[PDB]
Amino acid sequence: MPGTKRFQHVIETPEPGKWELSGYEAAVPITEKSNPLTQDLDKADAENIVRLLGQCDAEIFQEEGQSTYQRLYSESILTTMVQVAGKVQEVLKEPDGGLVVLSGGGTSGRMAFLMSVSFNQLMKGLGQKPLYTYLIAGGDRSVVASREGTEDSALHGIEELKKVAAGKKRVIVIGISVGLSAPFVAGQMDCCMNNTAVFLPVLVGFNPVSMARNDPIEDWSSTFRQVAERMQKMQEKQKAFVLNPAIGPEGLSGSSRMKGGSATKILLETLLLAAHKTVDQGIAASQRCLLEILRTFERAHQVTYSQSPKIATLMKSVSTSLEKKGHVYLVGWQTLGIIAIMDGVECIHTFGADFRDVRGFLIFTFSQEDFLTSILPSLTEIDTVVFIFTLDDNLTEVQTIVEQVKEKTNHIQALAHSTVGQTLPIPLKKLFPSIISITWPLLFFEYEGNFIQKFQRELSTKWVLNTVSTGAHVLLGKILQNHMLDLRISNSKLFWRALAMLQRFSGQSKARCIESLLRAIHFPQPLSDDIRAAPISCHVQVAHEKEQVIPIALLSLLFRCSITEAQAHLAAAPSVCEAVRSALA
């Protein structure tokens, strides 16, 4: 038929009660599953949400049981991290004609950037020439922008890589895709494998290779699964590597900004920090060095979620601030300001939130006597400002701003990263009665700016901000069980997530769900044969511009009615979410 081939890889909708036994669930990639821990997340109160997402993040560190998917601590994973640390070494010995690229779209690309700076600092600090760089879907503007459409081109990924790979002679390309999903990455990896004598591809994600994407990429002939299958074969001869531990599903299904983002830093900082630290020692990096690092990162989680109660509250002040239709501000210094920006940008696509609903500031990059003049005026009784900084920062730069924001705002609150027994100047910092002090042990540090202390803090902030931003919106009633139904379809992956969600909630056939989705997307145009057979980017591009696409499609299905009828029905309910919930009853 027309469209049959575009949709060929979609498994049919199981008959009720047979979701398990048709083998459908076993086909859903780990990264997209519903985490059972979060089945009733739309009901958790602020303190549970914090617990539940604390539990989900912990799974990053959970070990392998006895037939089952390998994990962060399995010896096949750590061995591979050893081998890779190793290849990063060769390059560090030959900094002339040498380069190391970290690449991904979306948050994988953000993570890539963060880590390229750090590992560039570290080499600067020893007056070694910088070898790291990053690549993000849609260039550097993407690092601080919501730009979900940019990941779909394999040729774009190959372009951006051909740029930075110059006339260099040894290139390590660490391609990052939580889902083993992004076409951007796929093309980089396939390119690398064509020119081994220069390129070393290393692929980082969190699905087994047999769950890697196998739907066709519009500008490329092989799929992600093929590329990854072939990289795995090459690993036997140490010419490619696949680093792909399971870490369990995301608390909000498919939200790979969360665990996926964290596991990415954890996995790669670990392995890179080891690479360097063991070079000047003139010793092979070993599982033992990595493990120290990993266990530090696993302490970091326990440390970080010690502050759960105060985390829950900061979430409550954010929820109400956004219920009351206010705005929310995150202000922070050095890399923690960045991480702030990042969390706020992600709320746009992740929740259909406006770019002011939760905004991030660095000292986006709006300075002391700047933020005070421009942003400060328009704050309000109902708003919330959040301060994120270490005590090794300019605390006089800090207090000024809090002195000032105590004017319009009262719901402030802060996130203070001390190394133990640093005190916190002004005991009149009962500006924040119950701050979020997170205090870090003393450690042994050789390298420059105590990089492990950076990674810990960064990671803990990400955990905090993410849990908080995600937490706020669930509380608002905006999530359905642990799914975001009402997403904006802005790339092919989200198109598939939409379709899958229509099948899950309607229980109706694949062909009906596809029909309702394409009708909803293209309304008022009807299903022509061209539209049915069009490449998925055609639907993406049109859907990207609409509102309530997925709920209208689900409604069409549940009432077994038309798009005109479901739109009118929706317009008649108090809100999207009641329309949907009601219709499920």
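For the two forms, the rigid core is made up of the largest set of C-alpha atoms that agree within 1.5 Å on superposition. The numbering used is simple: start at 1 and walk along the sequence shown.
Annotation: of the segments 300 to 308 and 425 to 433, 425 to 433 departs further from this form in 6 other deposited structures of this protein (C-alpha atoms, root mean square over structures and residues, core superposition).
Farther from the shown form on average, by C-alpha root mean square after a core fit in 6 other deposited structures of this protein, is 445 to 453, of the stretches 475 to 483 and 445 to 453.
The gap between residue 66 and residue 67 holds 1 to 3 unmodelled residues of the deposited sequence.
In terms of unmodelled positions of the deposited sequence, the stretch from residue 363 to residue 364 in this entry skips 10 or more residues.
For the two regions 15 to 23 and 560 to 568, the entry's Cα B-factors average higher over 15 to 23. Once the C-alpha B-factors are averaged per stretch, 335 to 343 and 366 to 374 rank with 366 to 374 first. The PDB entry assigns its highest CA temperature factor, among 504, 225, 324, 259, to 324. In this structure the maximum Cα B-factor among 230, 316, 71, 295 is found at 316.
Ranked by C-alpha B-factor against the other modelled residues of its chain, residue 167 falls in the highest third. Sorting the modelled residues of the chain by their CA temperature factor places residue 44 in the highest third.
In the PDB entry, residue 433 places in the highest third of its chain by CA B-factor. Split the chain's modelled residues into thirds by C-alpha temperature factor. Residue 125 is in the highest one.
Ranked within its chain, residue 401 lands in the highest third, by CA B factor from the PDB record.
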